[PDB]
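Engineer: build the 3D model from these lines:
(chains A, B, C and D, ligands or ions: 8)
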There are 4 protein chains.
Amino acid sequence: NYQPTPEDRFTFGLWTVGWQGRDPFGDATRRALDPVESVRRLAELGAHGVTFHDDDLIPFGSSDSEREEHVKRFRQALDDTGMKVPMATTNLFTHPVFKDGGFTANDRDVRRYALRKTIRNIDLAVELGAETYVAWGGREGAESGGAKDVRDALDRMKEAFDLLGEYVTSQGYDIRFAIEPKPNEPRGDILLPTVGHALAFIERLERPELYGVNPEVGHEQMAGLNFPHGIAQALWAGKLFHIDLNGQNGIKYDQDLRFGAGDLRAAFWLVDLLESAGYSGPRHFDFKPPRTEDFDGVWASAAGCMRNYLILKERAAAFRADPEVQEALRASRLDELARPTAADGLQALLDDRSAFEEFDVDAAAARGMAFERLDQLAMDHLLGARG
Amino acid sequence: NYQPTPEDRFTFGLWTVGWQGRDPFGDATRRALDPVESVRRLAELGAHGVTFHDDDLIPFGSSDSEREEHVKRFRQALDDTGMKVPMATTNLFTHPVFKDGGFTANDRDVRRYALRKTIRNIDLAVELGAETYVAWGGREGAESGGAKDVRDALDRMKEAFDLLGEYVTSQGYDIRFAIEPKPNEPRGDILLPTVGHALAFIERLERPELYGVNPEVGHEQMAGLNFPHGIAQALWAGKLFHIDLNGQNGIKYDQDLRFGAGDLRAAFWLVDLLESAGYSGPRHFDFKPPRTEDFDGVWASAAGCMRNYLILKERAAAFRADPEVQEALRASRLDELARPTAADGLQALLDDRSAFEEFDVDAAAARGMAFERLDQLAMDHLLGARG
Amino acid sequence: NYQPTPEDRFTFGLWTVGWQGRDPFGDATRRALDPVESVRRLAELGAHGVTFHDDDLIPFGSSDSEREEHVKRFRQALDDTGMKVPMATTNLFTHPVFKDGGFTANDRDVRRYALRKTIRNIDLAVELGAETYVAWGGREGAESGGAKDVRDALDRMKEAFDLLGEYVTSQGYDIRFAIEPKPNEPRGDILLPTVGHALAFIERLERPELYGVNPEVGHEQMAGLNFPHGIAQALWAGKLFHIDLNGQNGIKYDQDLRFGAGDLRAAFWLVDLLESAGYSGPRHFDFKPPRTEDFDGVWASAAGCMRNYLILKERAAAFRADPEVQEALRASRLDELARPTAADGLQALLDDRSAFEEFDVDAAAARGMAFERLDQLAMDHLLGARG
Amino acid sequence: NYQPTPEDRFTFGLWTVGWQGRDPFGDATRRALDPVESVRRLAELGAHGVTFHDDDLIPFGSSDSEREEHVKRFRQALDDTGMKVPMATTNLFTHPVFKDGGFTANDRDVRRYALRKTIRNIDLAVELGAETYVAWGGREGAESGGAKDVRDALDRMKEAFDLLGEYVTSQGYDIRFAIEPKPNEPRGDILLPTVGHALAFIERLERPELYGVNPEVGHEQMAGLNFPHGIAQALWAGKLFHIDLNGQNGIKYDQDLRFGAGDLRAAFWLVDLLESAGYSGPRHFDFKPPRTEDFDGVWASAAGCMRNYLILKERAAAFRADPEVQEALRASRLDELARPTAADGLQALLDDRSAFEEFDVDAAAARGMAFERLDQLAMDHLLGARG
Ligand SMILES: [Co+2]
Ligand SMILES: [Co+2]
Ligand SMILES: [Co+2]
Ligand SMILES: [Co+2]
Ligand SMILES: [Mg+2]
Ligand SMILES: [Mg+2]
Ligand SMILES: [Mg+2]
Ligand SMILES: [Mg+2]
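Structural biologist: Numbering: from 1, shown residues only, chains lettered A, B, ... in the order given. Ligands and ions are numbered 1, 2, ... in the order given. Structure data below:
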């Protein structure tokens, strides 16, 4: 079972299945993929769409003539397959000119170039039908404390995002921005290192409604944080515009394993949350097939991403549908959590003797939360050991 | 040298020097301190003031008569010494009734009790002259994924803080709230786990101007984050109302070492930032004298907190005053970071051929940032090896 | 299904189901359990046996008369139920006298007391039938660099273990020692912090054959290490005398969650390894029912430990029995890993032109390892989605 | 002051100052350095010697004729400068053929090639005067649990090191091996991940006397471990053959910052330990000048490594020479830690009533350890604030 179809909204970056396997300590183990081939292979696997950095699709430094040629080839493949392009992004991290950042480089001329490079790819993204434009500021940061005045850097980051918002507004584009946080790597510390920091920063931009977050499973886990909790906070704020699914084993370098690998229980609770909240954006995989693999392993790893999502969706749905779990949720008072604490108001609460003066603290304290029985029912459903 | 005086604004919680040394694996190693003794001993060391949880000062469950007696004794000590009380907080974590939280407990009656307990201590805090009321939601969280619906929990957290804001507003109190984040411990994950998450949450409250953050050095470091960077972002947003200084060696249990211990370079860059930004709130120490120590070691550890701040202040001031460092800052273009990227505007930037069409990317890329020479000058100043 | 019976060799510490819920920030949430009740409740759940610290069974400071009374009660419960006692240990961490360690306290008189306290419990352990005596040196360590000369401390640690080996040898006891590592908590750093460090230390003792390791799942994961890999190395060295099973979510305070919780895939690979290696010692649970729970939750959490082991055993057995997985193992050359590299010898290897001079490095490099397909078959078996 | 000279025994890998700045997300920012230039520039800075991987000095796949040419050029530079070559190593990680390991690749032909490549460089290393041959098994490991049978892999690792020991023994070379641990990166988990694991493994080799450890500051810190403690254990076992000095900020990707950067207090305690133990091997820097830097920054970063060692040496010497610190060491009973616990023997200890029956546990427990005052004296000396 568990066969993916375009309705499941699975998407992949060109840079994922196309990663050649160069890491900090070793050369490439796979040949370069033609983006046209990736589109066609991904359509056959059941993918909904692909995403791209500008430099994935058009080699850096291409003339206007070579650029048009690369885009026409790619567009021809999309038209042939029905594959969509729901998101695009800029590469502001690979070329040595960005070694101190794009939007927050100390050199002003680099920051201006960073903005012009980004604006050019927004035009292309809109033409191809992208609804979300992601920014991962992988070089915005520092290895040493004196290298970056962070208040000034946040001024420059705000300036850049405000100029991008003025640009899409003046052009009448119907595209929104999503900031992708990462705590570190390749810089010693990266600015806006978590979902929370990015959410707070958005609230100081001139047009906050145009901006949300693109959280990545492995990135929040690189700070030891609870990724489903962070996603819940983004949904609560109305800012989950896009999401990057993959796996990560704890606090270390960014692994970008296939989704389902790494923290399996966190993946179950994430899928439970996305599906119960009715998230309807792309389920995008930002993963790297390990460099141990040949090209057959690349496609097996990509298929595995989708398969694991579909298995977890089924288990989470069965968990929530189980009357025994519904009873367990009531026994742990999850339903009381949904009731207002004091809809009767501040005055009524102050004069309520049963909330303080006459509150029986020892009886309340003796009540068990029954959380372990609930969690073991969740474990049983995840493992298919109910029945 | 480095003798502290009240003008340095050093403050200590009653619960810091008063920690009896009970940890998860062992009994208390020190006798309980009388809060009156702590006030007098801290005044002799040069402290500006003390802070308190309600339960530090008034034993839980005290009658109105015993309560008034504990407060009069404490007030008499403050009047005798001139010690100030700039901040207070609620204990919503020790008593078993709070085992699933205060503001976000699943049980509604517990949430109501949590609010009444907090409101009662706000009245006392204002009477004693506190300007900041801190909330550390140490029990708000979960060990397992199904125990807490996080969107509902954030609704209840918002409800509680909005009711506290309505209360201080209706009473005409001149006190502000500061949320203290912590990523984990004693819960498996705590809600609002970092400075960023707390800053983002404040922006959804009804009266955001009343609320800021109380970041703690060790807590951000428990997520492997850069504490000076996080403080810079709080200052940039106008939300650094208070701060907890201590030390922490990496990602593990919350150590609350004396300030200066743990990550020494991060402490240098923090002091550099607080002093150059002109932060003027209390320099509050939330630390625990290790349970290896007797009472002489408690006071030596407390004196060490203040001493290390004063030494780092001197080194950071000398670093910024050094003409050789000023030259190094220009060589790394820290001054260009302060210039707007495009004050000429979006249209001018789009038509500027030198920002893209004619931008010499290879010349820009070849420029060294000279960050290592700058950082070694910082190291030399920290270690007193200049000259 | 998945009902435990005594043949599954599941054991529990008295201190596990008996944890009253006191953590660093809160009071106890459960009443104390009578060890006799724990024996009887654990026998009803299907447990094989119980383990104990001296101070769990005999309150500290008991006279010879009260001591004999506590032991007779406990012995009567064991005889009534058939429950076994396969392991015992000393509490050298709770009482304030041990605040700087037992075997490596700076104070010599404390080290002597630590040895006499331990020797007394070895006598009792042997009388009750224990085959393994565990030592967890939770207080051996330091918060600051100058407090402990670590070479001298390792001398004292070696001295203590050598004296214990001389004692059991002179008494003719048939009991072996197992060192339990932990990287930190309650000390800032603990000596012998991982399985590897403990294995290396054993090799410098006078009688290494008497000593092995008692690794704990969560403890190695507190250093971000791969617990199955560490267990493999202990088995390879012949030193896995005992094991502590529980769960842990990443690098933070020691959670001691029920087994199966935390890193679920690591638990699958651990059970796969223990069962395929034919480990035949106790499957011991060192876990804490969360303090949110009442007494019903305590027993549900304990039952969950055993249930999760039995489910994972079934899935791992089905994984290894699957002919499709056996084919995948050959495709990834797991079988070639078992062949000697050069049983033909050093001289033959030096003169083998096909190992270097004529080795086709590009053909070898192009071979895929097929690891992702293998790992997805493992995922399918863990989740019960094969068929 | 703090000028390095050859007597300080500072050494650098060719791959350190020669790192071109390629990281997982970006291209090279510096041109390649000619090894002859690196020798001459390092001699001018005051370095004692250089180290190399085979592939740093001889491009992979070179004929016997090109190989001899590269070696003669390098040898001519050494003879011209007096620079020594105290250590060499093999590159078994960069070429795609090693994507699953060298000594523990699943493919047997790769393991044989790995051994022949290593043996060839041992011959060259001895000819140039190296006394230590390092092995960093950076590709020995796995991203997924089924890919590697770790017991079989340790068999193959033991086989390889035993064959290398047979080879140097049969040739009569006076060179010893040092294993360099790393917990992860570039593999998801690396075999022998810490100093402890490597020390334990050495004890199972046929000729353990030929093998020790080459611990790296940042690598142990990637597991959150205390690097000075681990070095103490290696010295206690007689196995510290070599050491890699650099800096690392906590648990994340391997940063290889210049020595002194990262955890500054840990660097102070390390230098204190190396100097008080009389370690006399090379002080080798395995660091990467950040890719933000041009070639002037490369040499400033390299000079900074040596400068920071010399400053910390001076501060640690002054700390130990201070009569006030000696008094503090006695007050914390560091001297009692050096006394045997029970040189009177097991029988005397058993019959000593003052060690148990008459031991006054409450008086002992009340003694303060005075560790905080000692640590603040250490802080004062590190910062040059004594006097
Ligand atoms: Co990633
Ligand atoms: Co804290
Ligand atoms: Co534990
Ligand atoms: Co390194
Ligand atoms: Mg991503
Ligand atoms: Mg605090
Ligand atoms: Mg244990
Ligand atoms: Mg190294």
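Engineer: how near is the residue in the stretch 201-350 of chain A positioned nearest to ligand 1 to residue B:287?
Structural biologist: Across the stretch 201-350 of chain A, the shortest distance to ligand 1 (CB to the ion) belongs to residue A:254, at 4.0 Å. From N, CA and C alone the C-beta is placed, and that goes for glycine too. Plainly put, residue A:254 is 34 Å away from residue B:287 if you go by CB to CB, to the nearest Å.
Engineer: quick revisit: the residue of the stretch 201-350 of chain A closest to ligand 1: what's its closest spatial neighbour, skipping adjacent residues?
Structural biologist: Leaving out its chain neighbours, the residue that sits closest to residue A:254 by CB to CB, 6 or more residues apart in numbering or on different chains is residue A:185, at 5.3 Å.
Engineer: for residue A:226, same thing?
Structural biologist: residue B:189 (4.1 Å).
Engineer: same thing with residue A:36?
Structural biologist: Ranked by CB to CB, 6+ apart and with sequence neighbours excluded, the top spatial neighbour of residue A:36 is residue A:77, at 4.5 Å.
Engineer: just the element for the one you found, please.
Structural biologist: In the assignment (DSSP states H and E), residue A:77 maps to helix A:64-81.
Engineer: only alpha carbons, please: show that helix as CSV.
Structural biologist: Written as CSV, here are the backbone C-alpha positions of helix A:64-81 (Å, rounded to 0.1, in the frame of the first residue of the first chain):
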residue,chain,number,x,y,z
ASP,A,64,20.7,36.2,-20.7
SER,A,65,20.8,33.7,-23.7
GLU,A,66,22.0,30.6,-21.8
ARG,A,67,19.6,31.5,-19.0
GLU,A,68,16.5,31.6,-21.3
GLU,A,69,17.6,28.2,-22.7
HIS,A,70,17.8,26.5,-19.3
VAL,A,71,14.4,27.9,-18.4
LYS,A,72,12.7,26.8,-21.6
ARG,A,73,14.0,23.2,-21.3
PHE,A,74,12.7,23.1,-17.7
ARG,A,75,9.4,24.7,-18.6
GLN,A,76,9.0,22.1,-21.4
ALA,A,77,9.4,19.3,-18.8
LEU,A,78,6.8,20.8,-16.5
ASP,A,79,4.3,21.2,-19.2
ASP,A,80,4.9,17.6,-20.3
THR,A,81,4.3,16.2,-16.9
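Engineer: who are the packing partners of that helix?
Structural biologist: Packing contacts for helix A:64-81, counted by 3 or more CB pairs under 8 Å, 6 or more residues apart in numbering or on different chains; DSSP states H and E, involve helix A:35-45, helix A:54-57, helix A:108-128.
Engineer: residues in contact with the host helix or strand of residue A:372?
Structural biologist: For residue A:372, the enclosing helix or strand under DSSP H and E is helix A:371-382. With contact meaning CB atoms under 8 Å, 6 or more residues apart in numbering or on different chains, helix A:371-382 is reached by A:264-265, A:268, A:312, A:315-316, A:318-319, A:322, A:324-325, A:328-329, A:331-332, A:386, B:142-147, C:258, C:260-261, C:264, C:289-290, C:292-293, C:296-297, C:300-301, C:304, C:307-308, C:383.
Engineer: mind listing what residue A:109 touches?
Structural biologist: Counting by CB under 8 Å, 6+ apart, residue A:109 has contacts B:354, B:355, B:359, B:364.
Engineer: swap in 6 Å and give it another go.
Structural biologist: Neighbour list for residue A:109: empty [criterion: CB atoms under 6 Å, 6 or more residues apart in numbering or on different chains].
Engineer: ok, it to ligand 1 distance?
Structural biologist: Using CB to the ion, to the nearest Å, one gets 29 Å for the distance from residue A:109 to ligand 1.
Engineer: how close does that residue sit to residue A:96?
Structural biologist: 15 Å.
Engineer: sorry, back to before: who has more neighbours, residue A:254 and residue B:287?
Structural biologist: residue B:287 (27 against 24; other CB atoms under 10 Å in any protein chain shown).
Engineer: pretty sure that one sits against residue B:258.
Structural biologist: Yes - counting by CB atoms under 6 Å, residue B:287 touches residue B:258, with 5.1 Å between them.
Engineer: I'd say the residue nearest to residue A:254 and residue D:254 touch.
Structural biologist: No - when contacts are counted by CB under 6 Å, residue A:185 is not listed as touching residue D:254 (10.2 Å).
Engineer: list the buried residues of the longest helix seen in chain A.
Structural biologist: For chain A, the helix reaching the highest residue count under DSSP state H is reported as helix A:295-321. Buried residues in helix A:295-321, counted by 16 or more other CB atoms under 10 Å in any protein chain shown: A:297-316, A:319.
Engineer: out of those residues, which touch chain C?
Structural biologist: A:297, A:300, A:301, A:304, A:311 (CB under 6 Å from any CB of the partner chain).
Engineer: ligand 2: which of those residues is nearest?
Structural biologist: For those, the nearest to ligand 2 is residue A:311 (40.0 Å; CB to the ion).
Engineer: neighbours around the residue nearest to residue A:254, how many?
Structural biologist: 22.
Engineer: please apply the same query to residue A:165.
Structural biologist: Other residues close to residue A:165 by other CB under 10 Å number 19.
Engineer: how far away is it from residue B:259?
Structural biologist: If you go by CB to CB, the gap between residue A:165 and residue B:259 works out to 41 Å.
Engineer: again, but for residue A:183
Structural biologist: The value you get for residue A:183 to residue B:259, if CB to CB is used, is 24 Å.
Engineer: all strands for chain A, in order.
Structural biologist: A:10-13, A:49-53, A:87-89, A:132-135, A:141-142, A:176-179, A:189-190, A:211-213, A:244-245, A:283-285 (DSSP state E).
Engineer: counting by contacts, list what the second one packs against.
Structural biologist: In terms of contacts (3 or more CB pairs under 6 Å, 6 or more residues apart in numbering or on different chains; DSSP states H and E), strand A:49-53 is packed against strand A:10-13, strand A:87-89.
Engineer: tell me which of those strands sits nearest to residue B:133.
Structural biologist: Evaluated with CB to CB, these place strand A:87-89 nearest to residue B:133, the distance being 42.7 Å.
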